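>>> Need coordinates for the below:
(7 chains, ligands or ions: 3)
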Amino acid sequence: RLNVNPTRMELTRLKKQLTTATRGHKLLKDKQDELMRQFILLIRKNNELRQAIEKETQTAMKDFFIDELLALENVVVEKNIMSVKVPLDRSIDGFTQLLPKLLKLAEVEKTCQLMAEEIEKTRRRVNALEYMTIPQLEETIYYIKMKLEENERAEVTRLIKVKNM
Amino acid sequence: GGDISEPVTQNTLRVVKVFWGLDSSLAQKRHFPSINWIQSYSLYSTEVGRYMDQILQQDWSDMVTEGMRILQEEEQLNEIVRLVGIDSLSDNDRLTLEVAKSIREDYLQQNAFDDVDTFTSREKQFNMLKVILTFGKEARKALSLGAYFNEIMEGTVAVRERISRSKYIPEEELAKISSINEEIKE
Amino acid sequence: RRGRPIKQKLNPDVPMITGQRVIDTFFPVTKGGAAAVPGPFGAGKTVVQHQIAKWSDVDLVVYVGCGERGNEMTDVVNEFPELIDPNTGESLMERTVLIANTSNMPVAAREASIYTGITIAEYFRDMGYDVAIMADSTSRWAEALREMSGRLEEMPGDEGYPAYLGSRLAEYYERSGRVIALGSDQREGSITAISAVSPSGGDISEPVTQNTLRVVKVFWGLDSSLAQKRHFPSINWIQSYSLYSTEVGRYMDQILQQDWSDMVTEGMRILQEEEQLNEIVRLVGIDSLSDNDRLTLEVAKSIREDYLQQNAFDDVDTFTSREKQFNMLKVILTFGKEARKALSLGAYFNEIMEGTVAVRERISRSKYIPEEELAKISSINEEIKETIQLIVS
Amino acid sequence: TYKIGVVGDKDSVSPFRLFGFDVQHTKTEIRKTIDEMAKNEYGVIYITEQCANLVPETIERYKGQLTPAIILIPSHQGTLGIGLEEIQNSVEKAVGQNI
Amino acid sequence: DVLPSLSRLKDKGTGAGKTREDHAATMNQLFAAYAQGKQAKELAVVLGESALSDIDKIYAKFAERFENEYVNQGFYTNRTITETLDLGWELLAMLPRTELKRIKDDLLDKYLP
Amino acid sequence: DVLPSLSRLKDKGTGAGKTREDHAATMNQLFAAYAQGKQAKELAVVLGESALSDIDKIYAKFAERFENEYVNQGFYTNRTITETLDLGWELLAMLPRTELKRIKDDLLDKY
Amino acid sequence: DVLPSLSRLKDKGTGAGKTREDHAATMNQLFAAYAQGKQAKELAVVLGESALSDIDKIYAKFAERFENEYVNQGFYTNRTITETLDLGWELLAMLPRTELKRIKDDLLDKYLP
Ligand SMILES: Nc1ncnc2c1ncn2[C@@H]1O[C@H](COP(=O)(O)OP(=O)(O)O)[C@@H](O)[C@H]1O
Ligand code: ALF
Ligand SMILES: [Mg+2]
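Numbering: from 1, shown residues only, chains lettered A, B, ... in the order given. Ligands and ions are numbered 1, 2, ... in the order given. Dropping the coordinates below:
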């Protein structure tokens, strides 16, 4: 439990912090359940994309004086989805086709990684509240209320003894 | 044990009008004078605001209310943000955090031993407040110009330091403090 | 009520061989020292005392059944006449005087039973013997004083107990220690105090546990969660301590002629790193741990269920000689020593774990190796290097 | 505007240089060069599945930042689950069931 | 603070002939609108402003105005029962009708500006 | 634990002629940065190392060295006051000059 | 709940003539299988079902039958010591013989169905 001095004023303050903590734990897991929904549709799409482009890019690589000809044509936007920012000669012909195909593969695979990173930040946010913050308070409140009662219980006890004097 | 629920303090606060509650958590952090702003109060804060509004002919009672509101808003944020964390803090809310930090370390934090911080005159207490308050008010207009949070700070570290040593300005050199209002706008 | 006189007290620097590995290694009690065992109900306070009353290198044990169960006392006078020492042939009952005043027995007699035992423990101390005094339990003596205090209409102090509870406890533990007994012979006698504390709800903030911690230097804090997971003896390695570990470390290092204090400190460093790691595993995950840190948790796991765990009713583990403890801790430490050698060379985490499955079993059964076969343990050290070398290649 | 860097064997990634891409060709050498252009605000950093297994630490740390994206690409011989392993491990660890 | 404050006899005090017919309905409407607006402002602190919808942005704006314009009237400001109820409707006029569920449409179409 | 600890007679016992001219400014600068560094470490162990701000992360190491090297010195080490104050600046050189706000430019420049 | 429960004198109740010779061996293997099974059942809610291995889902499935068939008998269902041990042996057949590390090969070949 977090170190604290037992007082009636501290009891009510820790009582209000736990109620806000319990609701905040509810909301961050809702964000955890939500992220799991938009990640899952995007991830399955990426998995199918990645598999298709992978094999297709290799077969392009598979089909691929040659040094002198390659000597001498030189040719990401920030979008916020939810709480996460998201970025936006036959073998030669296959290369140019794949080059657009790889840019969309880059601005999609990197998007899923940013979803997984924010998923992990929220996940550990949620986990700490359930395993540390809220339990530390729950045990703290127990000790606080314990002390106050026996203290007033032992305080009125001596007052009965002083009354006999 | 810092327990103000004892009868001595409780009976005292039923007859006094001003309460300067000292906090241990701020004293250990070398914050001085370690007066708990949320916890402390003053029944004279209303009438002194009316007098101070007249002497310097400035709306002092409501710019003091704005400073107390900022410190009150931080305590609301800090308590909802201790456990949740500030990573999802909105850009607008983050400014208030940097406004409250400036109010706490620049104005409230003062050391008696240094000859300068020991005394603040009525003209100095206004100029420093005028810098920090107009900052949070005009930098609000900066963040409402489609600006990200990270930016306006990074480009104002030079102004934000002159704000730190605003207590240090001698009484004669007060123009130094009042000149921070135009550079923060620019 | 008045302790027997001596010439002068001596510093207890001779570590006692209790046979319990969690004790003699990390939290050692010296001959003449004072050790408190506070724990909740069914956490293993008495069982620890029964093992100490039977595997200690002492000339006489004094067991005080202060307010405990009546079945806990009948079990003594039946099992002890059968615990024959294989060297001298004398039973354990021949080497022990026990005093019994159970819970339902007169309440005031609990105080008399405590002072009766320590006086007998002092009578044999003056003969130059090393006597061990067992108090089971001191929390019931304290209730008798609180009960007596309520009858005398005295001003209660902390939680109803009389205000003189600090002195009565200090008056008792100071009657122990390694002494120079009276007479011209200048002989060395000692009294080792092993008292059990039974706090309400396992809360050590209660008065009698705090006053005991002030006057003793060994604290065997039992944990209820460990007693539930069948982790026995249920000694919390994070909260328990022994102020003799430094002096015992100097003495222990010398006889072994090995840096044993640096092996205990390193083994302790792994267990304290396990506590810091378990907070991250529950927060982030075990899969989020690095190969070196996940190795630390596995090496610390070997320290727990192979060295700290000791069954009281099993013959192979119930006792562990001093030479056997060194071979066991050296093998567990040699595991991580060569494992970090492999991780820094390029080996993976699971590559070392899956390739050492056969060797990892031999360490977990090392506790059941008899004292006449200690060469099996030390041979695993050389065996580990051979298994590690092929894994590297 | 950001630049695109490519890492891999000469035969497999050479034609990428005809479009204006930083085409480069051991673990510690890729680690220093990848972090070099990453500090020079590179947009996407394509790497082969053979050179990336030699520097998983560099990828693991670098993937967190949004501005530079490290993408695994096949070579002239192929891959062995590098895309799938990065994708499927991020699923089972962040969702709870393989899809 | 009106959330922990209660009046055990307010039902007879407010109504037709007493004050106005819309006294009981607007009370229960502004009461739930504040608790929802206060939790929405906290949702902007936990989940950020991006999680707040178009309706939540109005609820957070309601509580902020209800604190500063309704309750915050002044220790020297006498407001008649007529001026009090009409102010509540102006603060409730920010939310769409779909938000105002406690008030029946017979009286909602009578006073809502 | 130097955060809850305090001495009340020291202001008149430090300064130029007694110990060092700049003792008071370093001292004040130390505690404040240690308090925040300890505050950040208690956050690292809960919300993760990466979740901590980079500015705070420099502080997280500030408090780590300020406990194992500054405070941890052994029960038989008599370090001089000059060696103690020089050590303290070395622990303040980690943080950038802009974050040292309770040391004046005159004392910042000379040390 | 047998995890927090305990009987400190059960040793003087187990063994031949006081109970079936398998009593002590079956008791301790059932306990360890439940403790691991509940622990695995907890892992399925916190980290999903994909973070547990094939042997983990077996112990989790065993803990379901242990609580629903072995413990759940009914307040008017008197079992005997024979039927109790026979019901426990039937439950151990789910776990492989290599996982029953606390029962010697002897009692395994004699009672395991
Ligand atoms: N070292 C041990 N080895 C094996 N079992 C133990 C050990 N210590 C305690 N136990 C188990 O815990 C139970 C209670 O132990 P005991 O010492 O009587 O508890 P208390 O703390 O109440 O004295 C015993 O019946 C025993 O089964
Ligand atoms: F069994 Al106990 F202390 F609970 F002796
Ligand atoms: Mg007992």
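>>> For the chain, which segments are assigned as helices?
Since no chain was named, I'll use chain A. Along chain A, counting by DSSP state H, helices occupy A:8-63, A:90-128, A:134-163.
>>> The intended chain is chain E.
Remark: helices assigned in chain E by DSSP H are E:10-13, E:23-46, E:54-65, E:81-92, E:105-111.
>>> tilt between the third one and helix E:81-92?
Pointing back at helix E:54-65 there. 140 degrees (axes from the mean of the first three to the mean of the last three C-alpha atoms, to 10 degrees).
>>> Turn the helices of chain A into CSV, columns for distance to residue C:364 and mean neighbour count.
The way it works is simple: take the backbone N, C-alpha and C, and place the C-beta from them, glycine included. Converted to CSV, the helices of chain A look like this (distance: least, C-beta to C-beta, whole Å; neighbours: other C-beta atoms under 10 Å in any protein chain shown):
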stretch, distance to residue C:364, mean neighbour count
helix A:8-63, 38, 16
helix A:90-128, 31, 18
helix A:134-163, 33, 13
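>>> wait, which of those helices is closest to chain B?
helix A:8-63 (5.0 Å; C-beta to the nearest C-beta).
>>> Show me what the closest one is packed up against.
helix A:90-128, helix A:134-163, helix B:60-81, helix D:82-92, helix E:23-46 (3 or more C-beta pairs under 8 Å, 6 or more residues apart in numbering or on different chains; DSSP states H and E).
>>> anything in the fourth one near chain G?
Which is helix D:82-92. Yes: applying C-beta under 8 Å from any C-beta of the partner chain, one finds helix D:82-92 touching chain G at residue D:92.
>>> same thing with the second one?
No: contact between helix A:134-163 and chain G is absent, the nearest approach being 14.8 Å (criterion: C-beta under 8 Å from any C-beta).
>>> residues near residue 7, how many?
The chain I'm using is chain A. Residue A:7 has 18 neighbouring residues, counting by other C-beta atoms under 10 Å in any protein chain shown.
>>> Please refer instead to chain E.
If you count neighbours by other C-beta under 10 Å, residue E:7 ends up with 10.
>>> just residue D:21 next, same as before
By other C-beta under 10 Å, neighbour count at residue D:21 equals 19.
>>> of the helices of chain E, which approaches residue C:250 most closely?
With C-beta to C-beta as the criterion, residue C:250 lies closest to helix E:23-46 of these, at 55.9 Å.
>>> How about that closest one and chain A, touching?
Yes: residues of helix E:23-46 contacting chain A under C-beta under 8 Å from any C-beta: E:42, E:43, E:46.
>>> ok, back up a step: can you lay out the helices of chain A as JSON lines showing distance to ligand 2?
Shown next, in JSON lines, are the helices of chain A (distance: least, C-beta to the nearest ligand atom, whole Å):
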{"stretch": "helix A:8-63", "distance to ligand 2": "31"}
{"stretch": "helix A:90-128", "distance to ligand 2": "35"}
{"stretch": "helix A:134-163", "distance to ligand 2": "21"}
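>>> which residues touch the longest helix anywhere in chain D?
Criterion DSSP H: the longest helix present in chain D is helix D:27-39. Where contact means C-beta atoms under 8 Å, 6 or more residues apart in numbering or on different chains, the residues beyond helix D:27-39 that reach it are D:3, D:5, D:7, D:22, D:24, D:45, D:47, D:51, D:54-55, D:57-58, D:62, D:65, D:68, D:70.
>>> again with stretch D:1-14
Against stretch D:1-14 from outside (C-beta under 8 Å, 6+ apart): A:61, A:64, A:70, A:76, D:16-17, D:20-25, D:30, D:33-34, D:37, D:40-48, D:50-52, D:67, D:73-76.
>>> what number of residues lie near the closest residue to residue D:19 other than its chain neighbours?
Spatially, and ignoring its direct neighbours in sequence, residue D:19 is nearest to residue A:75 (5.7 Å; C-beta to C-beta, 6 or more residues apart in numbering or on different chains). By other C-beta under 10 Å, 7 other residues sit near residue A:75.
>>> Quick check: residue A:75 vs ligand 3, distance?
Per C-beta to the ion, to the nearest Å, residue A:75 is found 83 Å from ligand 3.
>>> doesn't residue D:16 make contact with that residue?
No: between residue A:75 and residue D:16 there is no contact under C-beta atoms under 8 Å: 11.8 Å.
>>> Contacts (any at all) between chain A and the helix or strand residue B:93 falls within?
Per DSSP states H and E: residue B:93 is located in helix B:91-102. No: Helix B:91-102 stays clear of chain A (C-beta under 8 Å from any C-beta), getting no nearer than 11.6 Å.
>>> Can you mark which positions in that helix are buried?
If you call a residue buried by 16 or more other C-beta atoms under 10 Å in any protein chain shown, then helix B:91-102 has these buried ones: B:91, B:93, B:94, B:95, B:96, B:97, B:98, B:99, B:100, B:102.
>>> Format these as JSON lines; extra columns: distance to ligand 2.
Shown next, in JSON lines, are these (distance: C-beta to the nearest ligand atom, whole Å):
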{"residue": "B:91", "distance to ligand 2": "58"}
{"residue": "B:93", "distance to ligand 2": "53"}
{"residue": "B:94", "distance to ligand 2": "54"}
{"residue": "B:95", "distance to ligand 2": "59"}
{"residue": "B:96", "distance to ligand 2": "55"}
{"residue": "B:97", "distance to ligand 2": "52"}
{"residue": "B:98", "distance to ligand 2": "56"}
{"residue": "B:99", "distance to ligand 2": "58"}
{"residue": "B:100", "distance to ligand 2": "53"}
{"residue": "B:102", "distance to ligand 2": "58"}
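>>> hmm, back to that, quick one, which of the helices and strands packed on helix A:8-63 is nearest to residue G:54?
Using C-beta to C-beta, the helices and strands packed on helix A:8-63 put helix D:82-92 closest to residue G:54, at 14.6 Å.
>>> Spell out whether that closest one and chain C are in contact.
No: applying C-beta under 8 Å from any C-beta, one finds helix D:82-92 separated from chain C by no less than 8.7 Å.
>>> Quickly note the distance from the residue at minimal distance from the centre of chain B to chain A.
Note on chain B: the residue nearest the mean C-alpha position is residue B:103, at 2.7 Å, using C-alpha atoms, centre = their mean. Going from residue B:103 to chain A by C-beta to the nearest C-beta, to the nearest Å gives 23 Å.
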